[PDB]
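Those sequence lines, one after another, are chains B, A, A', B', C, D, D' and C'. A prime marks a further copy of an entry chain.
To convert, note that position 65 of the first sequence is 65 in the entry's author numbering; the numbers rise steadily by one, no gaps.
To convert, note that position 66 of the second sequence is 66 in the entry's author numbering; the numbers rise steadily by one, no gaps.
To convert, note that position 19 of the third sequence is 19 in the entry's author numbering; the numbers rise steadily by one, no gaps.
To convert, note that position 4 of the fourth sequence is 4 in the entry's author numbering; the numbers rise steadily by one, no gaps.
Convert by adding 2 to the 1-based position in the fifth sequence; the result is the number in the entry's author numbering.
To convert, note that position 32 of the sixth sequence is 32 in the entry's author numbering; the numbers rise steadily by one, no gaps.
To convert, note that position 81 of the seventh sequence is 81 in the entry's author numbering; the numbers rise steadily by one, no gaps.
Convert by adding 2 to the 1-based position in the eighth sequence; the result is the number in the entry's author numbering.
We put the beta carbon where it would ideally sit given N, CA and C, even for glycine.
To start, the structure itself, in C-alpha cells.
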Amino acid sequence: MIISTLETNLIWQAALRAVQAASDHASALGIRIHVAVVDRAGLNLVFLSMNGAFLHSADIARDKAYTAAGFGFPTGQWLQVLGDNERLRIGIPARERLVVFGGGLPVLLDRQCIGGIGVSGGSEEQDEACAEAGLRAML
Amino acid sequence: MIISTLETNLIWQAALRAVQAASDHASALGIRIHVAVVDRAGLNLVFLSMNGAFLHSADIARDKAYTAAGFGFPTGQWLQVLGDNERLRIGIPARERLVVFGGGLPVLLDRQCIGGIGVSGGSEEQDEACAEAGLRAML
Amino acid sequence: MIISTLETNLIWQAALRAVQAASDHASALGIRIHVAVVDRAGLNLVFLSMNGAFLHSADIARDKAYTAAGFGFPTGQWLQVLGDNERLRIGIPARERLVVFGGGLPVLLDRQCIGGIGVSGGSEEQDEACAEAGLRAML
Amino acid sequence: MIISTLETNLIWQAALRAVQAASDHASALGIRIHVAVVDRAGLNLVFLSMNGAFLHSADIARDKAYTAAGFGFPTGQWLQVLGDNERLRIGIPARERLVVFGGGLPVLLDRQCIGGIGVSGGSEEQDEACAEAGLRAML
Amino acid sequence: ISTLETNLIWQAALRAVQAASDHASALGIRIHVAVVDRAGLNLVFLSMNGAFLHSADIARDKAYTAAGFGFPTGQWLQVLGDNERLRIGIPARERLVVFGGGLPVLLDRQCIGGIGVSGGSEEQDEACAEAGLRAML
Amino acid sequence: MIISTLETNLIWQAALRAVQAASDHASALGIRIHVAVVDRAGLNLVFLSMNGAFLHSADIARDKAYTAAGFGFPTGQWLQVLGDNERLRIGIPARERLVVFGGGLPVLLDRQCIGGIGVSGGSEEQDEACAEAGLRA
Amino acid sequence: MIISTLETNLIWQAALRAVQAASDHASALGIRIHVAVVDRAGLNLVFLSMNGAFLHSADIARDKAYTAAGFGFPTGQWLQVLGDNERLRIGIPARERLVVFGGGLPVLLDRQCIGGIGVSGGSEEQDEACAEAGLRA
Amino acid sequence: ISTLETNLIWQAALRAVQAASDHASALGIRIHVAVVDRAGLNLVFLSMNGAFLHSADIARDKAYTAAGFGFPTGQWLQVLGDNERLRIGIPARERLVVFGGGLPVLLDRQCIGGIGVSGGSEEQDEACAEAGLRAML
C-alpha cells in the first residue's frame, strides 16, 4: 500500500542566502538583528545573531520563524485573524513560541508554505523589511 | 481497612475509533487537524496528527483534551464560566495546558467524565465538529 | 534560484495502520504497550497508549521513534555502533530523547528513512516484534 | 459499543494514613524523611516533608512513588531486573523520574498495583521500612 | 553569622490538610490543599480523588504565593490598584496566583508558611483554607 | 581577516560595590530586597538576596537586570515604548525573563550599555531607589 | 497547640563576606571562579561570578552550594558515602543539582547546617581552598 | 568599572559555517555547525537538510563547551584522567559534550568563541570545524 507523500522543503543554501541579505539590510538601516530561517517542520536551517542585537531578540526571531512556518501567514496579521473573538485573543497569544507581532514571514512556493523567516531587533516594520530582503535573496 | 475505589475509565480501543472518525471528518471538510484523546487522569490514549496541520496545533489538541478531561466540561465554555470575575479571568487562562477556546470536549458516560477529546487545526467550529464525530464513533 | 527539494515523508494513514497492528500484536502476546509513530522530522503522526502499560513507557516509546527516525537505524544497535569508543559511550546515551535499547525501528522506503516507530512496555524482544508488526501493516 | 473499563484506585484517606505511619516510623528511628503516595496514574494523593529532611529527598520520594506505581514492583529491585543487559543498564536509569535505588514500593491489592509509596531521607533499608509501615497502616 | 527564624512544622501542616479536606467533604466538593513552610517548600500536599487535574498545581502555587508575600492571594488585584505596569507584569510571574484560596500562616505578626486550596469556588477554597489554619492552632 | 571586535564589559568588583550599596539603601528604608547585577551578555556578576525578602522577588530582580542589560533602557519605560501598539502590548510582556515594571536599570558607560542592575522586594519607587544607589556607587 | 519551630539560618552579610574572601583567594591563586552561598533552605544569599570564569562553572557552583546545604556534608565525600552500593552509585549522581565532586561545603554552626558554599572554576583543590577561605571569613 | 574583551564577530562566524558546510559536502555527509561568541551566545547556527535530528543540539552544545572552557571537547576524558569524581560529575552537566567536534576560537592566546560540528564521525566533525576556523582567518 501507499505509505508516503512527496513534500516540498526549503534548502539550507537558500536559508544562508536569506540570512546574508537580512543582515546586510539591517546594516544598511543602522540596526542590529537576529534572523532565523526554519524549514517546513519548523526546524532550524540557519540562525544568525548580529553582535549587539537585543538579547531577548534571539528567541523572538526563532519563534517568529516558527510561527510563520507553522501557520503559513505573517505573524503581524495574527490580531486581524483573531478579530473580536475573546477566547482566541486570550488563548492564542498564550501558546509557547507563538508570536503575534510583526517580523515573521512564511516562505511560500507555488502558494505552499515550505519554511519560515523571522527577524527581531528593530521596529516591526524594520523586521519585516529585513525578512522580505531575505525572501528576495532566496529567489 | 477500605483503601480503594472503583473508577470508570475510557479505553484505548474507543479512543482509536474516535481518532479514526475525527480524521475522516477533517478529510471530508478539507482540513488537516491534530486530535488527542486522553483518559480520566489526562494521560494519552491516542494522539493523531495529519500531515500538513499547523505545527502549534499539536500541543493545542493535547491541551484541549487535558482541559476537558480535567474539568469535565467543553473548553469553549470557560469564558462563560468565568463571567465578570476579573481575578479568574486573569488567573485561569494563565495556567499551564489550560485552553479556553473551543475544541476540547469531555467524554461523558452515565453523567461522569471518563476522559477527553481535543481537536486543533481548523476554526473553533470545525474543531468541535471533528471532536463530536470522534465522540459519536466511541459509542 | 533553486530554493527547494522534494522529500518523501510518512503519511498519517500508514501510521494509523501501524498502531492498529502493533496494539493487536500486543494483545495477542498478553502485554500492554505504548507505540509511537513519527514522520521524517520526528513529529508525531500517531501515538497510542494501551490502558495498563507502564507509565514511563509513554515517553520511552516516543523517544524510541524519534531516535530511529533521527538516525535511520534501530535503537537496539547503538551500543554496537559505539563500539569501544569511551567518549561516545559516555556522551551519546546522555543526549535528550536518545534511546539505546531495543524497540525503535526506522521506517525505510527505497533505502531512505521517512519516519520511525517505537514501542515500549514489554521486553526489548517484545517491543521490537510489535514494532515490526506495525511496519508490516504500513506496506 | 463498550467504551469503558472499571479500574481500582488508591484513595486519599488511605494515603493519609500511610504518610502518618511512615513519618511516625521515621521519628521512631531518629530520622527525618519525605514520603510520597501516588495513585494508579502516578498522581499525588499525599506528599509529606518532615522539617529537616534532605532537600534533594523531596523529589526523590516523589519519583520513587511514581516509579513504583508506574512499574508495579519495588524500586530497589531495578538492577536485578536489568541484569547483564548493558543497553538497559545505560538506558533505563537515564529516564526522567525513574529511581533504581530502594525506597519505592507498589501499593498492591489482589496483586494489582493501584498506587505507589516512596520514602527518601534515610538509608535504603530505613526508607523501605518507613514505606512498609505506611503500607501496613493503609490496611 | 546567623539569625533565628520561626518556621511552620509538618505536624501542624498535617492537621491543616485533615481539616481542609474534612471541610471540603462537608461542602460536597473535591479539593487539593497544599501547605508550605516559610521558604515555600512543601510540608503536606493532599489531593482528593476526583478533584480537578489543574487544581493540583493551583493549590501548590496558592500556598507558595501566600507564603512568599505574606497576604491572601485574593487581595492581589486590590494591591495592584490602577498601576498598569504591575497589572501586566505581576500576574505573568511563574507560580504567582492572584485569585482567592491562598492564605499566609501568621504567628505573632510573622509569616511562617502558607496554605492553598483549589478545586471549588474561590469562596469555598478560602473557607477550606481557613478551616486548615484553625486546625493548626 | 578581521574576526574580532572589542567590547566594554562591567566587572565583578563594581557589581559587588553595587549590591553593597543597594542593600544598604534597602536597610535604610527598612525593607528587604533582592538585587541582581549582570554583565553585557546578561550573565550573572553578583546576585544578592536579603533574608526575609519576598520569594518571587528573586527571579524578578534577575529578570529586571537581564531586561535592562538586554535592551539598554530602564524596564519602567516599556509601556511608554510600547505605546498604543496592541500587537506589542500583548506580545512583548509575554516573553520569558522580560519585565515591564520599574526596577531594572542599564549600566551605561560612554553611551554604551555594559550591564544591568535589577532590584525587587519593595515598591517600584523603593526598587528604583536601591538600584539607583547601586548605580551611583 | 505548637505549630512552629525555631531555625538557625545563615545571614546575607556573612555570605557577602564569604564571597569577598573566596574571590580574593581566587585572585591570589591567579584563577577566576564562581562562588555561591545559599541559606539553610538552599535559597540564594550571594552568588558571585568573576569575569572570565568557565561558563559551565556558574551552575556548578550553585549546585555545589545546594548539595552541601541540602545534605550537610562536603560534596567531595559523596563517593565515599556511596561506597560499593551500585544502586546508589548509579542513582544519586543522576539527581538534578546533585554534585559529587569537591568544592561544596556545609556551613555548620553548633553541630547544625545553616547553609552552604560552593566554588567552581579551578581544580578541585583550588575550589575547596576558595570555599574554605569564604568559610573561615 | 569596566574591562575590554575581545569577542568573535558574526561575519567571521558566517564565513566559518560556509566553509564547514562546504567541507561536509566534499566529504559526502550532512552536518549541523554552530558558532558561538565568548559568552556562549549564538552567532551563526546552520543545519544541512538530512543531517541527524539529535545532531542539532549536539553541535550547539559542542560550540558552547569549547567556548566555555577554551579547549577542544575531544580532550575532556584526557583532562579528567583517573579522577572518578570528575568522570562521574563532569559528563553529567547540561550542555557539556566530551566527544570530539567542538573547538575553541583562539586569538592571541585568548578564547573569543567556539565552533561545534555534529553529524559525521568525530574525526569528520573536527575536520569540518577546522575548515570553519581557517575560513575565519
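Element boundaries [alpha helix (DSSP H), containing residue i]
i                      : result
residue 71 of chain B' : 57-71
residue 13 of chain A  : 12-29
residue 88 of chain C  : 86-91
residue 79 of chain B  : 78-82
Residue i - containing beta strand (DSSP E), residue span
i                       : result
residue 134 of chain D  : Counting along the chain, residue 134 of chain D falls outside any beta strand (DSSP E), though it belongs to the alpha helix (DSSP H) covering 124-136.
residue 112 of chain A' : 112-120
residue 107 of chain B  : 104-109
residue 37 of chain C'  : 34-39
residue 101 of chain B  : It is not in any beta strand (DSSP E) - residue 101 of chain B carries neither H nor E in the DSSP assignment.
residue 44 of chain A'  : 44-49
Cβ neighbour criterion (16 or more within 10 Å) applied to residue i
i                       : result
residue 86 of chain A   : exposed
residue 50 of chain A   : buried
residue 62 of chain D'  : buried
residue 138 of chain A' : buried
residue 57 of chain B   : buried
residue 127 of chain B' : buried
residue 125 of chain D  : exposed
residue 80 of chain C   : exposed
residue 4 of chain A    : buried
residue 103 of chain B' : buried
residue 31 of chain D'  : buried
residue 76 of chain C   : buried
residue 108 of chain D' : exposed
residue 123 of chain A' : exposed
residue 83 of chain D'  : exposed
residue 6 of chain B    : exposed
residue 2 of chain D    : exposed
Positions along the stretch 48-64 of chain A' whose CB lies within less than 7 Å of some CB in chain A: Cβ contacts with chain A: 48, 49, 50, 51, 58.
Counting Cβ pairs closer than 8 Å, one from the stretch 7-17 of chain B and one from the stretch 16-30 of chain A', do we hit at least three? These segments do not touch.
Report the residues of the stretch 5-28 of chain C with a CB closer than 9 Å to any CB of chain B', ordered along the chain. Against chain B' - using a Cβ distance shorter than 9 Å - the residues of the stretch 5-28 of chain C are 9, 10, 11, 12, 13, 15, 16, 19, 20, 23.
Which residues, in order along the stretch 117-129 of chain B', keep a beta-carbon less than 7 Å from a beta-carbon of chain A? For the stretch 117-129 of chain B', there are no residues whose beta carbon sits under 7 Å from a beta carbon of chain A.
Does the stretch 57-69 of chain B touch the stretch 33-46 of chain B, meaning 3 or more C-beta pairs lie closer than 8 Å? Contact annotation: the stretch 33-46 of chain B touches the stretch 57-69 of chain B, with at least three C-beta pairs closer than 8 Å.
Identify each residue in the stretch 89-106 of chain B for which the Cβ-Cβ distance to at least one residue of chain A is less than 7 Å, and report them in chain order. If the cut-off is 7 Å between Cβ atoms, the stretch 89-106 of chain B has 90, 91, 94, 95, 98 near chain A.
Relative to chain A', which residues along the stretch 69-81 of chain B have a C-beta separation below 9 Å, given in chain order? Flagged: no residues at all.
Under 8 Å: do the stretch 101-118 of chain B' and the stretch 126-135 of chain B' share three or more Cβ pairs, one atom per stretch? Contact between the stretch 101-118 of chain B' and the stretch 126-135 of chain B' is present: 3 or more CB-CB pairs across the two stretches fall below 8 Å.
For the stretch 87-106 of chain C against the stretch 89-109 of chain D, do three or more pairs of beta-carbon atoms, one drawn from each stretch, fall closer than 8 Å, so that the two count as touching? Judged by Cβ distances under 8 Å, the stretch 87-106 of chain C makes contact with the stretch 89-109 of chain D, as three or more pairs qualify.
Tell me which residues of the stretch 33-46 of chain B have at least one Cβ-Cβ distance to chain A shorter than 7 Å, keeping chain order. Here the close residues are 42.
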